[PDB]
Each structure stands twice: as C-alpha cells, then as structure tokens.
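This report refers to the structure that appears directly beneath it.
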Amino acid sequence: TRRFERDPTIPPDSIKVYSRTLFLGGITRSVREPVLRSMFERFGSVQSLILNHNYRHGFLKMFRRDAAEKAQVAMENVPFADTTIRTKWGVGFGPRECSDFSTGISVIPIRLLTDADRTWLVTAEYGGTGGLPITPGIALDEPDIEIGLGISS
Ligand SMILES: [Cl-]
Ligand code: NA
Ligand code: NA
C-alpha cells in the first residue's frame, strides 16, 4: 500500500521521503548482478540493480520501502568471495544534502524541489503522492524518477 501519511510534526513547508534506494559497497568483480539480484529478491521485488565495478559500488532500488529496510538490515555486512558486501541507505530522489545517510529518510523543504522532482512525485507509479498535489507535512516513499515530464501515460 502507498505511504501517504500526515506527518505534521516535521518542520514547516517540508515533506518527508523514505528512500527505496540502497547503496552497495565492496562490489569487486567477483560480485555479479545475477547473484546480488537473487540475494535481494529474498526480501522483496527488485526494481533496479545497477553495478559499476569501476567504482566498486552499485545501487539497488526495491519496489517497496519495507523490503528495502529488511534488505538493508540483512545485507549490511556480508562476507562474499574476496570482499564484504556492505549495504547502506542511498538516495535516489531529491537533494542529496536532505537525505540522512544513516536512515534513508529525507526531510526536504518544498522550495528545494525542482519542477522535475515535483512532477515525478505526483505521477510516480511507485512511491510519491499517488496522484495528489504536494502539500506540507506529508510523508511519502521515494518516487520513480528520470522519465519524461508528462501526464498522458
Ligand atoms: Cl516487494
Ligand atoms: Na571497496
Ligand atoms: Na564502509
């Protein structure tokens, strides 16, 4: 079910966004996408998994925030081959400075949302407002991003 919570105790003129994105550290070339995908599918459905071995990292997005929380706890520090897979909260939406890297929760002043950010929030298939306007004092899950700005599809 979509998160759309009244969260009136957060700071004025802001929204709270729960990340669905996990940062993956320790990603040596012995750590491959099909294997990580199978590991994370235990916790829920995986929406995106992109490894960049050039940087020894990857980014995972779960369809559901609750699945991301379960995955982050279970996969926080996993010995594997020549490395240790280290799963931490990432940020996939909004200003990076607004994201608490300890918890994967952003509190974002509405004034810092770009027009693309605003549009993605209200039109996202997963996360976001579920088609409602952005107003202060609401908590939401990370929306899907990086698609065209449109309301016809
Ligand atoms: Cl799921
Ligand atoms: Na590393
Ligand atoms: Na570390």
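In the structure tokens, chains take the letters A, B, ... in the order shown, each chain's residues start at 1, and ligands count up from 1 in the order shown.
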
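Excluding range 111-115 of chain A itself and same-chain residues fewer than 3 positions from it, the residues having an atom within 10 Å of it are residues 13, 14, 15, 93, 94, 95, 98, 108, 118, 119, 120, 121 and 149 of chain A, counting only C-alpha atoms.
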
### residue 147 in chain A environment, 12 Å, only C-alpha atoms, sequence neighbours closer than 4 positions dropped, as a list in words
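Listing them by chain and then by number gives residues 116, 117, 119, 120, 121, 123, 124, 125, 143, 151 and 153 of chain A.
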
- prompt: Counting only C-alpha atoms and all ligand atoms, what residues are within 12 Å of ligand 3, given as a list in words?
  reply: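 Listed by chain and ascending number, the contacts are residues 23, 24, 25, 26, 27, 56, 57, 76, 77, 83, 84, 85, 86, 87, 88 and 89 of chain A.
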
Spatial neighbours of range 10-12 of chain A, max dist 12 Å, only C-alpha atoms, sep filter under 6 positions, as a list in words
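Here the qualifying residues turn out to be residues 106, 107, 108, 109, 110, 111, 135, 136, 137, 138 and 139 of chain A.
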
Now that the selection is made, can you save its residues with N, CA, C and O atoms as a compact mmCIF listing (two decimals), in the first residue's frame?
# COMPACT_ATOMS: atom_id res chain seq x y z
N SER A 106 14.74 11.41 3.97
CA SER A 106 14.98 12.80 3.63
C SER A 106 13.85 13.66 4.18
O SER A 106 12.68 13.30 4.07
N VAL A 107 14.19 14.79 4.78
CA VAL A 107 13.22 15.84 5.04
C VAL A 107 13.61 16.98 4.11
O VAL A 107 14.72 17.52 4.20
N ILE A 108 12.73 17.30 3.16
CA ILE A 108 13.05 18.20 2.07
C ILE A 108 12.13 19.41 2.17
O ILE A 108 10.90 19.27 2.05
N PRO A 109 12.67 20.62 2.30
CA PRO A 109 11.83 21.81 2.13
C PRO A 109 11.25 21.80 0.74
O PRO A 109 11.95 21.59 -0.25
N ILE A 110 9.95 22.06 0.66
CA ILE A 110 9.28 22.02 -0.63
C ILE A 110 9.95 22.99 -1.62
O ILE A 110 10.02 22.70 -2.82
N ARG A 111 10.47 24.11 -1.13
CA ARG A 111 11.13 25.08 -2.01
C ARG A 111 12.36 24.52 -2.72
O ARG A 111 12.82 25.10 -3.71
N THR A 135 1.76 18.87 -0.71
CA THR A 135 1.45 19.84 0.33
C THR A 135 2.35 19.54 1.53
O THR A 135 2.90 18.45 1.63
N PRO A 136 2.52 20.51 2.44
CA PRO A 136 3.46 20.31 3.55
C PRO A 136 2.98 19.28 4.54
O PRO A 136 1.79 19.03 4.71
N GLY A 137 3.93 18.74 5.28
CA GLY A 137 3.59 17.91 6.42
C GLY A 137 3.09 16.56 6.03
O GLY A 137 2.23 15.99 6.73
N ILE A 138 3.59 16.01 4.92
CA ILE A 138 3.26 14.68 4.46
C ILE A 138 4.54 13.86 4.33
O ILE A 138 5.61 14.39 4.01
N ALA A 139 4.41 12.57 4.59
CA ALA A 139 5.47 11.59 4.42
C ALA A 139 5.07 10.60 3.34
O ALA A 139 3.93 10.12 3.29

At a cut-off of 10 Å and counting only C-alpha atoms and all ligand atoms, what residues surround ligand 1? Please answer as a PDB file with N, CA and C atoms, in the first residue's frame.
ATOM      1  N   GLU A  41      16.259 -10.473  -3.805  1.00  0.00           N
ATOM      2  CA  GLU A  41      14.900 -10.929  -4.066  1.00  0.00           C
ATOM      3  C   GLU A  41      14.317 -11.676  -2.887  1.00  0.00           C
ATOM      4  N   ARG A  42      15.148 -12.164  -1.974  1.00  0.00           N
ATOM      5  CA  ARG A  42      14.603 -12.787  -0.778  1.00  0.00           C
ATOM      6  C   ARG A  42      13.725 -11.810  -0.005  1.00  0.00           C
ATOM      7  N   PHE A  43      14.037 -10.516  -0.067  1.00  0.00           N
ATOM      8  CA  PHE A  43      13.355  -9.518   0.756  1.00  0.00           C
ATOM      9  C   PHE A  43      12.165  -8.885   0.071  1.00  0.00           C
ATOM     10  N   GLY A  44      12.086  -8.955  -1.238  1.00  0.00           N
ATOM     11  CA  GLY A  44      11.005  -8.354  -1.981  1.00  0.00           C
ATOM     12  C   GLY A  44      11.439  -8.220  -3.422  1.00  0.00           C
ATOM     13  N   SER A  45      10.569  -7.615  -4.214  1.00  0.00           N
ATOM     14  CA  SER A  45      10.856  -7.458  -5.626  1.00  0.00           C
ATOM     15  C   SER A  45      11.834  -6.312  -5.864  1.00  0.00           C
ATOM     16  N   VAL A  46      12.802  -6.568  -6.732  1.00  0.00           N
ATOM     17  CA  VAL A  46      13.858  -5.631  -7.085  1.00  0.00           C
ATOM     18  C   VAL A  46      13.424  -4.855  -8.316  1.00  0.00           C
ATOM     19  N   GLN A  47      13.386  -3.526  -8.210  1.00  0.00           N
ATOM     20  CA  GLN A  47      13.002  -2.674  -9.329  1.00  0.00           C
ATOM     21  C   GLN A  47      14.180  -2.324 -10.223  1.00  0.00           C
ATOM     22  N   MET A  62      14.364  -1.078  -4.498  1.00  0.00           N
ATOM     23  CA  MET A  62      13.294  -2.033  -4.263  1.00  0.00           C
ATOM     24  C   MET A  62      11.975  -1.366  -4.618  1.00  0.00           C
ATOM     25  N   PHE A  63      11.010  -2.159  -5.094  1.00  0.00           N
ATOM     26  CA  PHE A  63       9.674  -1.597  -5.294  1.00  0.00           C
ATOM     27  C   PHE A  63       9.063  -1.049  -4.010  1.00  0.00           C
ATOM     28  N   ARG A  64       9.370  -1.656  -2.864  1.00  0.00           N
ATOM     29  CA  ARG A  64       8.764  -1.297  -1.591  1.00  0.00           C
ATOM     30  C   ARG A  64       9.803  -0.851  -0.567  1.00  0.00           C
ATOM     31  N   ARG A  65       9.472   0.218   0.160  1.00  0.00           N
ATOM     32  CA  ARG A  65      10.321   0.673   1.257  1.00  0.00           C
ATOM     33  C   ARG A  65      10.509  -0.406   2.325  1.00  0.00           C
ATOM     34  N   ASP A  66       9.448  -1.126   2.696  1.00  0.00           N
ATOM     35  CA  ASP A  66       9.603  -2.113   3.762  1.00  0.00           C
ATOM     36  C   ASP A  66      10.593  -3.197   3.363  1.00  0.00           C
ATOM     37  N   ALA A  67      10.580  -3.590   2.088  1.00  0.00           N
ATOM     38  CA  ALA A  67      11.540  -4.564   1.580  1.00  0.00           C
ATOM     39  C   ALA A  67      12.959  -4.013   1.605  1.00  0.00           C
ATOM     40  N   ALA A  68      13.129  -2.741   1.252  1.00  0.00           N
ATOM     41  CA  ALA A  68      14.443  -2.119   1.353  1.00  0.00           C
ATOM     42  C   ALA A  68      14.952  -2.121   2.787  1.00  0.00           C
TER      43      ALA A  68
END

* Asked: Quick one: DSSP strand (DSSP E) residues in range 102-143 of chain A, as a list in words?
  -> residues 105, 106, 107, 108, 109, 138, 139, 140 and 141 of chain A

Restricting to only C-alpha atoms and all ligand atoms, whichever of A:49, A:31, A:39, A:71 is closest to ligand 2 is A:31

Worksheet item: Which of these residues is nearest to ligand 2, using only C-alpha atoms and all ligand atoms: A:103, A:9, A:28, A:54?
Response: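 Ranking A:103, A:9, A:28, A:54 by distance to ligand 2, first place goes to A:28.
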
With DSSP run on the backbone, what are the alpha helix (DSSP H) residues within range 66-139 of chain A? I'd like them as a ChimeraX atom specification. /A:66-74,115-123

Using only C-alpha atoms and all ligand atoms, the best pick from A:101, A:55, A:80, A:126 as closest to ligand 2 would be A:55

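Using only C-alpha atoms and all ligand atoms, the smallest distance between any of A:144, A:82, A:33, A:5 and ligand 2 comes from A:82.
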